[PDB]
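Chemist: Below are the structure tokens for one structure; questions will follow.
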Amino acid sequence: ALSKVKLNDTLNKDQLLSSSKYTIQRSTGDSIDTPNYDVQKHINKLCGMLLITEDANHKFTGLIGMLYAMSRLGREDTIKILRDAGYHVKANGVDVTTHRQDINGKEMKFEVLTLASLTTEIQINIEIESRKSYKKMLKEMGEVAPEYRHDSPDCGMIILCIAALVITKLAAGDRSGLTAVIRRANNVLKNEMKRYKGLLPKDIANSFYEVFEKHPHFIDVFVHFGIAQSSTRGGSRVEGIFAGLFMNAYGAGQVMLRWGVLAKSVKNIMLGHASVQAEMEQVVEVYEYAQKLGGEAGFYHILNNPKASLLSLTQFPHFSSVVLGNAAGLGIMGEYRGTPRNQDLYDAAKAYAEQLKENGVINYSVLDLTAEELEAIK
Amino acid sequence: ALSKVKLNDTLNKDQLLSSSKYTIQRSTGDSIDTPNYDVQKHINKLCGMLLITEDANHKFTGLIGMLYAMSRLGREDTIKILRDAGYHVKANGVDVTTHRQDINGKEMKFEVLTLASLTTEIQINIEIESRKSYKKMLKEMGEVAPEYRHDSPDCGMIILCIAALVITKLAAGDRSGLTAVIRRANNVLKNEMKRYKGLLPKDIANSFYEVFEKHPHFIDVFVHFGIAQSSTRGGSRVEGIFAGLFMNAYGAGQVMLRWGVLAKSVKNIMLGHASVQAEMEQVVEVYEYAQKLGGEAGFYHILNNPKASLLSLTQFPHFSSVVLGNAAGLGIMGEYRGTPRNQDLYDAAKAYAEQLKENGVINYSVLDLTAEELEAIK
Amino acid sequence: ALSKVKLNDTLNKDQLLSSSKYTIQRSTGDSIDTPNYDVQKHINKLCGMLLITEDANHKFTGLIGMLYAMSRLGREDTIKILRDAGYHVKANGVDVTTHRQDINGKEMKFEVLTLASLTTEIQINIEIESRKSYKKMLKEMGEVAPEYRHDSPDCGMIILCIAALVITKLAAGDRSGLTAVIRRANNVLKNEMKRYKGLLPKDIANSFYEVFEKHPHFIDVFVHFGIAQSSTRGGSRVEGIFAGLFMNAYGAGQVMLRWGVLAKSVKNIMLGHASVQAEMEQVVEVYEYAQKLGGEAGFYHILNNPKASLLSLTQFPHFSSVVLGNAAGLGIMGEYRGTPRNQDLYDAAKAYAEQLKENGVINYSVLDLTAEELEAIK
Amino acid sequence: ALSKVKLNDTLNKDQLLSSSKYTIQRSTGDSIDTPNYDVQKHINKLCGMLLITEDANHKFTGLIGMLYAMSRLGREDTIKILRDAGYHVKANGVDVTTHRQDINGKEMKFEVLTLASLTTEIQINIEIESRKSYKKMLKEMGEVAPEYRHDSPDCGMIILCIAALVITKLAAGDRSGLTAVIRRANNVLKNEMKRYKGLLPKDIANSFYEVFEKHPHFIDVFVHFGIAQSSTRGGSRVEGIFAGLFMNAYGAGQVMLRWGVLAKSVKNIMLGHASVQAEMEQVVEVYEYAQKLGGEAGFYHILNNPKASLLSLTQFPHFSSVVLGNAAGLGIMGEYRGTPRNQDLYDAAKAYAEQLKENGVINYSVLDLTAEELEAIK
Amino acid sequence: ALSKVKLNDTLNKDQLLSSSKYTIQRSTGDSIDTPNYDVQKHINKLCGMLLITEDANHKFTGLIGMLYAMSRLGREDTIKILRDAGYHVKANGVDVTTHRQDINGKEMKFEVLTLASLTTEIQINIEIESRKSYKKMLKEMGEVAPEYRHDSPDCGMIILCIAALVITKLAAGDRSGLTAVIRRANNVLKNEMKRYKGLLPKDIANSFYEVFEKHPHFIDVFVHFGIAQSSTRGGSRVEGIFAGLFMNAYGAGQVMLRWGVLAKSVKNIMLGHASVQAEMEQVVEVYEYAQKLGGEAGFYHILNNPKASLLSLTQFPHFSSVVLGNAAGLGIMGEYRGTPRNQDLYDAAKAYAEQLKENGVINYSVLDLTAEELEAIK
RNA sequence: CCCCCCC
RNA sequence: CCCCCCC
RNA sequence: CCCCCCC
RNA sequence: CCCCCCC
RNA sequence: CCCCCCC
């Protein structure tokens, strides 16, 4: 009768997108440099060498960080990643070489890695300014500690920690989260800031921004690396920091869904409004779709996965405005530059939410007591 | 046995129509160029010179955009798409040559793309006008940033984004959606309109009208390119914009089905009328057919698919009238030049719907709160 | 006992007709010209010169439209269709030559098509008339647009759209649908009558009437061409008009089945009559036979298929009369020249249907309205 | 126990008749002309000559019609049909020759058909009569249309339409259906009798009576021609008329079976009498036998099929009397001369049937009037 | 487990009578005349000469009719039939010779038959009496039509139609059915008695009793002849009369089984008695044996087949008693002289049967009927 | 015979 | 014929 | 279009 | 004996 | 012992 009149739209859009039998493959360019497990030691060394040298031009650092992440991923692993992401890449293998260069009269040996995008001379320079920083440190503080040196196995993870902050703030995608990444990199990694003096949140964040914006496939590489890291059994304290930071990106850009479930929990009065009970059916449909997506349903906005718009509650202006007003009333909404599309419900829900947090009676159903001892205390 | 006197008309039309044992093949003309994955880079560059050029003559941009879509699909992929759409073409290979022409006394060498429907001289004119605009740009502000030049990896998707707007607004089919395309293309892509001084929504939209009118195979190529494009697990911000614009087209020409679902949701009164319960059987059949189609049933009016008419609610004058009246009452029509077929139901349902949008009681049964203090609240 | 006195008569007749082991073959005449896919371009071009020509002699247009239909089907496809329909035709291949006629002193070269039922001088005269009309248009409006010319890929399908109208109205079998064809071809195809100045629906409809009456195999070629066309995935909007106009034919000459379903829907009282419950059993037999036939059961009257008379409800005077009376009551039948065979039931059912139409109380059982609160709001 | 005390008798007589190992073949006569598919055009033309001729000598038209039937079947198919029917006839091949006959002083060249049963001089007489009639029409009304003339592809099918009427009314087999053939051929074929001025239904009907009484094998040739004709997918309107008129014969001589099904459906009371329940088992075995036969169980009485009498309900005098009394009660038997064998049951069934026709209360349960509001209003 | 105890007795008597190893054979006597196909014409003319004659001496008409029967079957076929019936006869062939006997001074040419039991002079007397009768008839009315004379190809079949009546009524075997033969031969064959004034069914039927008792093998010749005739698909009206009149003889002598089925149909009560439920097993074995025989289960009593007596229900006095009592209750037992064996069951079943024929049963459940006022108001 | 309207 | 809106 | 906060 | 009407 | 009527 009137129960079969339903056009299941988001499920059908999902079925359309998943079941397209023609596959596109996007041209990256010439090739991507793909180290294996053996180059991981050298890449960690390079990251530490970046972090020990004072105020280096860290403009390349995002590239080295992506190299480290994909090197721990592995040759066949990153090739599988770029096959799954739909890209034509030829595996430009990475090997360890040694180049002797005569600088300032003295010719000495420095190890060199085979990179298409990164040249030998840049490595040799960053090496010489690293030596400069090392000698100045030996002059000032006498001796360098094993923790104060670039030999720690957590330098790459520190760089990718700042990258994880960047990728969390890349949900907006308009270079607005740079200040918040600065705040987070100042707050988190305090001890790394005090031990490694070469940590510059501004330069590292800007380099990661640029390498992510110019090279979209690197974002996918890093996202699956981050899911891989956040599944290992154990790790160092810095790897724990990175896992905790990257798990913040889960649910990036989907905050309307979380505020909706919160408005369900805090029981905003006007989720029973008529115009909201109108769209509650499609809201339930969206939430069930999010659950069915499950594990990755939080990384569809970090990646610009085109099934992300399937998880948007902005297409329901009544529900969107009531939930946004509810979140605003409880004060959770900060400078969230998201306008409501229904002013009346937004203002009314904001008023009730402002009212609610001030009041609040002791819920005796929650309390386990049978005899009111507080009344006895009274 | 009056329960068995039933005729299933849409299902039988579908079974007639998809189970034909004789097939036609409509010859296009001479041939269609089907570039392989190699020329994708040069096509991106061509779009880059298209957008960099000040006030460019974009009247040859629709062909280049469709060429980019064929490239990203791939040679065997686009040939498969045409052969499946019932079309004689021959696989016209695409390769890059160099043409040396002495122009204005000086001899310059250019990298030319060899195409049947696109000639060398107009490509050279594009390139030289790009050079002139590049010289002007460098003169006015000194240095061109990498973002400010033709080397961007997303000019093709920018042109295809204006194309997606055109494809969405071709449901009118009579060049009446140009104004809406202009508005949307100015609202969307503020950054790109601000950066590339040659982005004209009017010129590109008119070009895309022309290319989609003259060559009806291009529209199926583009729609299947859009469905395949919106499936890839990754993307940039501009491919994300393209997927977002495209998924607007899903359900083009079929707003009446979704407005019928809306009438079900808001529990409109005149869906219980007797002359509407007369049609509810076939309306349920149409909606069941739409669900059974599932995926592509949103792209049957963009593609001028002959199976589209089976998803029309104009054959139900009473149900169409009440649903359009409901849409009018809630004010969510706008214009929708389509007229109702039963003026009495339209006016009465519209009056009730306008009664809905101003009333609205906060249904407290929706909130599953056990607290009885709500009575004190109210 | 009296459960097995059931003479399955419609099913038995269908079994007798389908399971006959002797086949007839009917001779058509001299031959039928069956162009292959190659000549489609020039046949479309001929239709274009037909439509551009001012007030052209359209008495030779039906043959050209049918030739375009076989060209779109192809050589072996139309030969297979004629073989399956039981006709003796030999494949008169069609190819492109040049025949030069000296007219007005000058000797000109005209591209000519070699056919048996089409001469050469007819194509020459069509060409010269089109040239005169083209010159006249150039003189009047200065310049001719490509949409004002014969080269467009829509002229053939415009002619075939008028053919589809005529094929729908050919059910009456009396040349009575010429008025309806004119009205429909003026409502539909407004743009093309505004652009092409030679579209005369009267002359084209008359020529199509003539070509279908004097060559009966062209009707089967055309019906299976339409079924083949409306299966294609995509097309232009003129092929969209053709598909939409053609699928109006499905259910030509079987309106009584549809009105029987409708009279079941509106719950007309006299479907419970004793004299109608007598016939309900074999009526249900007809309906389940129609469903068993399924797809093509709508094109048995357009084709004069002998199995058409098995889908007639006029062999049930009580049920046919009550259904026609119900249809009259609701105003559906406008000028349906079909007398009811039981005047009492016809008039009584019409009276009850008229009681239905103006009355009708809004059922609140269909709507899941928990509280009928609007009653107090009234 | 006694669920297996049943002596199935109709099936036993069936196998007795069919499975007698003596198939004795009779001597027929000289031969039958069995033209192949190439004589079709000339026989069609000859039928046209007969039809356009003023008050034509139609006493040789029946042979022309049946010869057209064989020509449409084909030489080998008609030979196979005569072999299956069990006749000694040899394939007298038919070809076209030219006989130049000097008539009225002038010698003219004519197309003559070599037939043993149709000599040259009478064909020439018919042709000269056609010439006279054509000159008379041209002199009277100026110019005859090509539809008015002999070459139209359905003159033979007009002749065979009148043959089909005669075969329907040849159940009695004593030329007592000539009045019905005249009335039907006046009602049907109004346009054709308006145009072809030689159509005298009395004359053609009498000739077909004569040819089917002189040549019995023509009855089987024609019946299988009709069954083969009614199998074609499509055809002209005249072939549709012929097939629809042939379908009237299916069930010739077996009106009692269909009247019995009707008497079951109309729920006549006396089907529950004792003297009817005595024979309801044999009646249900006859109906089961008819259903088992299926397709050809309708064309047994037209043919002289030996198993004809097994499908008669007149051997059951009580059920026969009830069925025939019901049929006479409802008035559906106009002048059926068959008398009941049991008068009392006949009169009682007739009286109850007449009581049915005037009374009759609307069933409100079979009609799906679940809604008590609609139930109470009516 | 006690379904194991079934001693099947009728089937065992079957295989005992069939698989006997001592088969003692019988010599008929001298021989019998067995004409071939050629003597058919003269025997047919001779039967015509018998019929045309007024009050003709029919003492030899039975032998002449049987000679016509053998002549139509043939020579090898009648020999085969006599052999399979187990007879020792030699084929005394009969040929057409000419005998000139001078009568009353005039010598007349007559072509005559050499027959063992039919002399030359007797058939000469028949010829001359036919001539005298023709003389008288021509003098009295003047002119006689071709259907009124001896050359009719159906005079022999009129004789054999009376023979078919004889064969049906030959079950009693003691010339008791002569009045039924006369009545059936006056109802049937009224036209012939109007035409051929020699038809005395009393005389012909006495002749046929004489020829069937005097030559007991003529009964098998004739029965197989009739089964052969009723299988030829073509024949005139007299041959149709013979077929329909012969298949009356099927089931001769076995009315008891048919009336048992009939009593099962009325649902007579005394088939649930104890002393009938005892013998239901033997009754069902008899009925299954009858079904297993099938075809020839009907002509075992006309022929003197030794396996005849195994199909008698008189051996079950209680089931035979109830069946005969019932079929006397429903009236359909005429002068059947067979008294029942168990008078109590006979009378009780007859009383119940006569009680039934006053009241009507209800059979509504097969179709939808509310049946509250529909019942008892009928 | 069937068909018939509107779209 | 179908389509038509905003996004 | 979607996205925008805090950790 | 079978067939028989109207379409 | 089997058969037995009507069509």
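Letters A, B, ... go to the chains of the structure tokens in the order shown; residues in each chain start at 1; ligands are counted from 1 in the same order.
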Return as a PyMOL selection string the residues belonging to chain C that are within 7 Å of chain G, counting only C-alpha atoms (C1' of nucleotides).

Modeler: chain C and resi 241+244-245

Chemist: Would you list, as a ChimeraX atom specification, the residues of stretch 95-197 of chain C that end up in alpha helix (DSSP H) under DSSP run on this structure's backbone?

Modeler: /C:121-141,155-169,178-187,190-195

Chemist: Taking a cut-off of 6 Å and counting only C-alpha atoms, can you build a table that, for each residue of chain D near chain E, reports the nearest atom pair and how far apart they are in Å (one decimal), sorted by chain then residue number, as CSV?

Modeler:
```
residue,atom,partner,partner_atom,distance
D:5,CA,E:284,CA,5.5
D:6,CA,E:261,CA,5.6
D:12,CA,E:295,CA,5.0
D:16,CA,E:295,CA,4.6
D:17,CA,E:231,CA,5.6
D:272,CA,E:361,CA,4.7
D:273,CA,E:360,CA,4.7
D:274,CA,E:357,CA,4.9
D:277,CA,E:266,CA,5.4
D:278,CA,E:266,CA,4.9
D:304,CA,E:234,CA,5.9
D:305,CA,E:233,CA,5.2
D:306,CA,E:233,CA,5.5
```

Chemist: How would you write, as a list in words, the set of residues in stretch 10-176 of chain A that DSSP gives as strand (DSSP E or B)?

Modeler: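 Selection result, strand (DSSP E or B) within stretch 10-176 of chain A: residues 26, 27, 32, 33, 34, 87, 88, 91, 92, 93, 96, 97, 98, 99, 100, 101, 102, 103, 106, 107, 108, 109, 110, 111, 112 and 113 of chain A.
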
Chemist: Please dump the current selection as a PDB file, in the first residue's frame; keep N, CA and C atoms.

Modeler:
```
ATOM      1  N   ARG A  26      44.190   6.197 -13.574  1.00  0.00           N
ATOM      2  CA  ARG A  26      44.676   7.564 -13.671  1.00  0.00           C
ATOM      3  C   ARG A  26      46.193   7.597 -13.755  1.00  0.00           C
ATOM      4  N   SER A  27      46.696   8.397 -14.686  1.00  0.00           N
ATOM      5  CA  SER A  27      48.129   8.504 -14.903  1.00  0.00           C
ATOM      6  C   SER A  27      48.761   9.368 -13.823  1.00  0.00           C
ATOM      7  N   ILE A  32      56.940   6.471  -9.581  1.00  0.00           N
ATOM      8  CA  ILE A  32      57.055   6.794  -8.165  1.00  0.00           C
ATOM      9  C   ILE A  32      58.173   5.945  -7.576  1.00  0.00           C
ATOM     10  N   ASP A  33      59.036   6.576  -6.789  1.00  0.00           N
ATOM     11  CA  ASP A  33      60.186   5.880  -6.234  1.00  0.00           C
ATOM     12  C   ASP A  33      59.743   4.984  -5.086  1.00  0.00           C
ATOM     13  N   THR A  34      60.054   3.694  -5.190  1.00  0.00           N
ATOM     14  CA  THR A  34      59.492   2.658  -4.322  1.00  0.00           C
ATOM     15  C   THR A  34      60.579   1.865  -3.601  1.00  0.00           C
ATOM     16  N   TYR A  87      45.853   3.578 -10.474  1.00  0.00           N
ATOM     17  CA  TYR A  87      46.913   4.411 -11.017  1.00  0.00           C
ATOM     18  C   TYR A  87      47.881   3.559 -11.824  1.00  0.00           C
ATOM     19  N   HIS A  88      48.435   4.154 -12.882  1.00  0.00           N
ATOM     20  CA  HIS A  88      49.530   3.560 -13.648  1.00  0.00           C
ATOM     21  C   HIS A  88      50.849   3.996 -13.031  1.00  0.00           C
ATOM     22  N   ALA A  91      57.297   0.423 -11.172  1.00  0.00           N
ATOM     23  CA  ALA A  91      57.986   0.330  -9.894  1.00  0.00           C
ATOM     24  C   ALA A  91      59.438   0.766 -10.023  1.00  0.00           C
ATOM     25  N   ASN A  92      59.704   2.033  -9.724  1.00  0.00           N
ATOM     26  CA  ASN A  92      61.057   2.582  -9.778  1.00  0.00           C
ATOM     27  C   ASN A  92      61.766   2.174  -8.495  1.00  0.00           C
ATOM     28  N   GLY A  93      62.457   1.038  -8.553  1.00  0.00           N
ATOM     29  CA  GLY A  93      63.080   0.498  -7.360  1.00  0.00           C
ATOM     30  C   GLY A  93      64.126   1.435  -6.790  1.00  0.00           C
ATOM     31  N   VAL A  96      70.678   1.488  -2.550  1.00  0.00           N
ATOM     32  CA  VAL A  96      71.656   2.257  -1.791  1.00  0.00           C
ATOM     33  C   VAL A  96      72.919   2.394  -2.629  1.00  0.00           C
ATOM     34  N   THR A  97      73.384   3.630  -2.799  1.00  0.00           N
ATOM     35  CA  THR A  97      74.608   3.923  -3.532  1.00  0.00           C
ATOM     36  C   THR A  97      75.503   4.808  -2.670  1.00  0.00           C
ATOM     37  N   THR A  98      76.731   5.017  -3.133  1.00  0.00           N
ATOM     38  CA  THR A  98      77.688   5.884  -2.462  1.00  0.00           C
ATOM     39  C   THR A  98      78.326   6.806  -3.491  1.00  0.00           C
ATOM     40  N   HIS A  99      78.276   8.108  -3.226  1.00  0.00           N
ATOM     41  CA  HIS A  99      78.822   9.119  -4.119  1.00  0.00           C
ATOM     42  C   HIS A  99      79.841   9.961  -3.366  1.00  0.00           C
ATOM     43  N   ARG A 100      81.019  10.131  -3.962  1.00  0.00           N
ATOM     44  CA  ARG A 100      82.068  10.976  -3.408  1.00  0.00           C
ATOM     45  C   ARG A 100      82.012  12.336  -4.089  1.00  0.00           C
ATOM     46  N   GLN A 101      81.872  13.392  -3.293  1.00  0.00           N
ATOM     47  CA  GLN A 101      81.790  14.753  -3.802  1.00  0.00           C
ATOM     48  C   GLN A 101      82.846  15.611  -3.122  1.00  0.00           C
ATOM     49  N   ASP A 102      83.539  16.424  -3.914  1.00  0.00           N
ATOM     50  CA  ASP A 102      84.577  17.318  -3.405  1.00  0.00           C
ATOM     51  C   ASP A 102      83.928  18.647  -3.039  1.00  0.00           C
ATOM     52  N   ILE A 103      83.861  18.936  -1.742  1.00  0.00           N
ATOM     53  CA  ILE A 103      83.229  20.146  -1.231  1.00  0.00           C
ATOM     54  C   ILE A 103      84.248  20.914  -0.402  1.00  0.00           C
ATOM     55  N   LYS A 106      87.884  19.585   0.324  1.00  0.00           N
ATOM     56  CA  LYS A 106      87.910  18.233   0.864  1.00  0.00           C
ATOM     57  C   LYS A 106      86.904  17.358   0.130  1.00  0.00           C
ATOM     58  N   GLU A 107      87.373  16.220  -0.374  1.00  0.00           N
ATOM     59  CA  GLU A 107      86.491  15.231  -0.975  1.00  0.00           C
ATOM     60  C   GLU A 107      86.301  14.077   0.002  1.00  0.00           C
ATOM     61  N   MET A 108      85.064  13.868   0.437  1.00  0.00           N
ATOM     62  CA  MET A 108      84.731  12.831   1.402  1.00  0.00           C
ATOM     63  C   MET A 108      83.528  12.042   0.908  1.00  0.00           C
ATOM     64  N   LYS A 109      83.285  10.895   1.538  1.00  0.00           N
ATOM     65  CA  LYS A 109      82.269   9.958   1.083  1.00  0.00           C
ATOM     66  C   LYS A 109      80.959  10.187   1.826  1.00  0.00           C
ATOM     67  N   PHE A 110      79.865  10.299   1.072  1.00  0.00           N
ATOM     68  CA  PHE A 110      78.528  10.314   1.645  1.00  0.00           C
ATOM     69  C   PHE A 110      77.628   9.373   0.859  1.00  0.00           C
ATOM     70  N   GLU A 111      76.834   8.593   1.587  1.00  0.00           N
ATOM     71  CA  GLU A 111      75.948   7.600   0.997  1.00  0.00           C
ATOM     72  C   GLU A 111      74.779   8.302   0.316  1.00  0.00           C
ATOM     73  N   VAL A 112      74.347   7.764  -0.822  1.00  0.00           N
ATOM     74  CA  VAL A 112      73.315   8.379  -1.649  1.00  0.00           C
ATOM     75  C   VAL A 112      72.273   7.332  -2.022  1.00  0.00           C
ATOM     76  N   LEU A 113      71.013   7.758  -2.045  1.00  0.00           N
ATOM     77  CA  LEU A 113      69.891   6.895  -2.389  1.00  0.00           C
ATOM     78  C   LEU A 113      69.343   7.285  -3.756  1.00  0.00           C
TER      79      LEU A 113
END
```

Chemist: How many Å lie between atom CA of residue E:255 and atom CA of residue D:22, rounded to one decimal?

Modeler: 28.1 Å

Chemist: By how many Å are atom CA of residue C:94 and atom CA of residue C:222 apart?

Modeler: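 Computing it gives 18.7 Å between the two atoms.
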
Chemist: So that I can check the surroundings of residue D:152, please list as a PyMOL selection string every protein, DNA and RNA residue that reaches within 9 Å of it, counting only C-alpha atoms (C1' of nucleotides) and ignoring chain neighbours fewer than 5 positions away.

Modeler: (chain C and resi 214) or (chain D and resi 44-45+48+146-147)

Chemist: Could you turn the residues from that selection into a file that holds N, CA and C atoms, as a PDB file, in the first residue's frame?

Modeler:
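As a result, selection_21.pdb now contains:
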```pdb
ATOM      1  N   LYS C 214      -0.349  -1.053 -48.623  1.00  0.00           N
ATOM      2  CA  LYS C 214      -0.097  -1.731 -49.891  1.00  0.00           C
ATOM      3  C   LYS C 214       1.040  -2.743 -49.771  1.00  0.00           C
TER       4      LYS C 214
ATOM      5  N   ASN D  44      -3.529 -15.370 -56.994  1.00  0.00           N
ATOM      6  CA  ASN D  44      -4.027 -14.120 -56.434  1.00  0.00           C
ATOM      7  C   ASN D  44      -4.621 -13.243 -57.529  1.00  0.00           C
ATOM      8  N   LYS D  45      -3.916 -13.133 -58.656  1.00  0.00           N
ATOM      9  CA  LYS D  45      -4.404 -12.335 -59.773  1.00  0.00           C
ATOM     10  C   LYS D  45      -5.709 -12.895 -60.320  1.00  0.00           C
ATOM     11  N   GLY D  48      -8.489 -11.984 -58.112  1.00  0.00           N
ATOM     12  CA  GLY D  48      -8.835 -10.596 -58.374  1.00  0.00           C
ATOM     13  C   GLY D  48      -9.682 -10.435 -59.621  1.00  0.00           C
ATOM     14  N   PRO D 146      -5.844   1.762 -57.741  1.00  0.00           N
ATOM     15  CA  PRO D 146      -5.190   0.448 -57.630  1.00  0.00           C
ATOM     16  C   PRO D 146      -5.775  -0.428 -56.537  1.00  0.00           C
ATOM     17  N   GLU D 147      -6.469   0.153 -55.556  1.00  0.00           N
ATOM     18  CA  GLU D 147      -7.177  -0.649 -54.566  1.00  0.00           C
ATOM     19  C   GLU D 147      -8.421  -1.313 -55.140  1.00  0.00           C
TER      20      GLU D 147
END
```

Chemist: Write out as number ranges by chain the residues lying within 8 Å of residue C:208, counting only C-alpha atoms (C1' of nucleotides) and excluding same-chain residues fewer than 2 positions away.

Modeler: C: 61-63, 163, 166, 204-206, 210-212
